[PDB]
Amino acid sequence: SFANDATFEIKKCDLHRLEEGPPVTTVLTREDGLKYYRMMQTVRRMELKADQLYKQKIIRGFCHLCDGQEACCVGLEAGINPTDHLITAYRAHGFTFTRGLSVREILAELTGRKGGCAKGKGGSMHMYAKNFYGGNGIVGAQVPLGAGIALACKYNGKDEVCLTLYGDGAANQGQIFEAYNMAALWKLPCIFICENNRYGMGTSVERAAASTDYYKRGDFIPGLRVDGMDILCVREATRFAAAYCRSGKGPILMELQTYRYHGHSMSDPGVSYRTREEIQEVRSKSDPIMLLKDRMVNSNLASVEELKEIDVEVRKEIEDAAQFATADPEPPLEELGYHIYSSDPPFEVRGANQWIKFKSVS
């Protein structure tokens, strides 16, 4: 027998130009708890499998993993509606999953097969879904885009909001400050979110920003700092920020304090700019899956066995998806030129020489 729900204390958020922030207690139901655990574990195992596939040369090029930040993508999704919009950068395997795509389609895209979500045209960095305006490879570029999506939300008067995520490294991009100004000036329903994983590739926040209070960079825009290792903190902070935007009070900044277990990308071991002890200290003290597990077990919301069972189902699913991604055939060469233009009559595009022609269909 289990309790149907329980009440938890969550960390208070540091505030900037706000009298009150999100509440410091929240109610978690058993069913919601189980869902969040499964989701986070799914993202986790997917990333670990991607790491395995990259080392076997089945994934090439870029491959940015997000394990350690599972509370972020799952937290944000928990505090928003499917009708809401979200955009981020290249570290988007989790968000792709939380926003609807299957681990099959995500892995098949990473392995560059026809069964991918973009038919293998995209790879790790470029995946799109329902109200998910993708990962973007140009640092900062997605922030104006997000405010643009926010502008459409207000323009259509549908009471939807847009989450626009960027990293600590991105936080120093000029276009972001141009976006603050306009989003504030027009009162756009935009939630600027800075995922702070302490590093911008190989550069720590201390060496990259004169002020490391990312929730304050907005200046005239009000902000708040959240514990990005706590699923429940993020969820509650997100519901607050979304409410703030839905009421028409304009944009707002949200700094998520999180962490990544892998280096920047697969081409970066991540040991030259940080210690192995630092990583281990976060994993044994603040692992987002461990935190949730402890909460649910200690409050009689779920059992240790029930959760280990979920772990087993999730690992198997990931195993089955990886076999599909590895065995699925590459895109047919005849479709190289497809999807250059939308809503256009077919035409032909030049290949490596003038005698090579590829058909282009919308």
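Residues carry their position along the shown sequence, with the first being 1.
J.: Would you say residue 263 goes unmodelled in a third or more of the other compared entries?
T.: Yes; at least one third of the other entries leave residue 263 out.
J.: Could you tell me whether residue 206 lacks coordinates in at least a third of the other compared entries whose models cover its neighbours on both sides?
T.: Residue 206: unmodelled in at least a third of the other compared entries.
J.: Would you tell me which stretch averages the higher CA B-factor in the PDB entry, 198-206 or 274-282?
T.: Comparing 198-206 with 274-282, the higher average CA B-factor belongs to 274-282.
J.: Would you mind comparing 72-80 and 111-119 for me and telling me which has the higher average C-alpha temperature factor in the entry?
T.: On average, C-alpha B-factors are higher across 111-119.
J.: Which third of the chain does residue 104 land in by C-alpha B-factor: lowest, middle or highest?
T.: As the PDB entry reports it, the C-alpha B-factor of residue 104 lands in the highest third of its chain.
J.: Please rank the C-alpha B-factors of the chain's modelled residues and tell me whether residue 47 sits in the lowest, middle or highest third.
T.: Lowest third.
J.: Where does residue 10 sit by CA temperature factor within its chain: lowest, middle or highest third?
T.: It belongs to the highest third of the chain when residues are ordered by C-alpha B-factor.
J.: Based on the entry's values, in what third of the chain does the Cα temperature factor of residue 91 lie: lowest, middle or highest?
T.: Within its chain, residue 91 is a lowest-third residue by C-alpha B-factor, going by the deposited values.
J.: Sorting the chain's CA B-factors, does residue 227 end up in the lowest, middle or highest third?
T.: Middle third by C-alpha B-factor.
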